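In UniProt numbering, the protein residues as written are 634 to 681. Where is the CB? At the ideal position from N, CA and C, for every residue including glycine. For reference, the structure is listed below as C-alpha cells.
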DNA sequence: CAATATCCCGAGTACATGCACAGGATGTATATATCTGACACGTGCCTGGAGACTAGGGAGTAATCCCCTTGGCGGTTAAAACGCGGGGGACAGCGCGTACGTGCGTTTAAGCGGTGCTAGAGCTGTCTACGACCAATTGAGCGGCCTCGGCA
C-alpha cells in the first residue's frame with residue numbers, strides 16, 4: 634500500500650481497516666505520511 | 001578611399017597533331033557441321049487462395065524533464081606575413097633486363113572400361129535442445145534502536 638498508492642487513489646474505498654495499527658506509531662514514517670491521504674468514511678484501528 | 005589582387009588581351013612561342021605513306025596480318029568468304037537447345041510435349045507442386053480464431057502488438061494517450069538547445073562564457077591558437085635554407089630541378093652515361101627467338105619435351109584432353117562414392121532415400125530412431133517451471137542471490141529502501149552539538 635506504501636508503493637501501489639497510484640492504484641489505491643483510483644477508487645473511493647468506503648472504509649479502511651488498519652489491522653495491528655501499532656505499525657503506524659511514528660509520524661516521521663512514510664507509511665504514516667502516505668496513509669493519511671486516502672479518502673473514506675471511517676478509519677478503524679484494531680491494535681491491541 | 002587605397003591597396004593587393006584577379007581578370008583580360010595581344011606577341012611571341014615548340015611541338016602535337018593530324019595527316020600521308022608502306023605494308024602486313026587478319027577479317028572476310030564459302031563450304032561444311034553437328035549439335036545446342038528450341039520447341040514442343042506433358043508432370044505434379046506450390047504458389048496461391050480463402051476461414052476462423054486468439055493474443056500480441058499496435059496505437060493511442062498522459063504526464064513530464066531529459067536532453068537538447070541557446071547564450072554567453074573565457075582561453076588559446078591556425079592564420080598572416082615575413083624573413084630565411086636548403087633542396088627539388090635540369091644534364092652526361094652503363095649495363096642490366098626485358099624482350100624475343102629457338103628449340104626446348106611436360107602434360108592434358110580424349111576416348112577407353114570398369115566400379116564404388118555419394119547422395120537421396122527412412123519414420124530411420126530417438127533425445128539435444130526447447131520450453132516450463134522452480135529456486136538463490138544480491139541490492140536497495142524503510143523501519144527501528146542508539147551519542148552528541150547547538151540552544152534555554
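Asked                                                                   : Found
Environment of residue 668 [buried if 16+ CB atoms lie within 10 Å]     : buried
Pairwise C-alpha distance: residue 681 and residue 638                  : 27 Å
Three-way DSSP call (helix, strand, coil) for residue 634 in this model : coil
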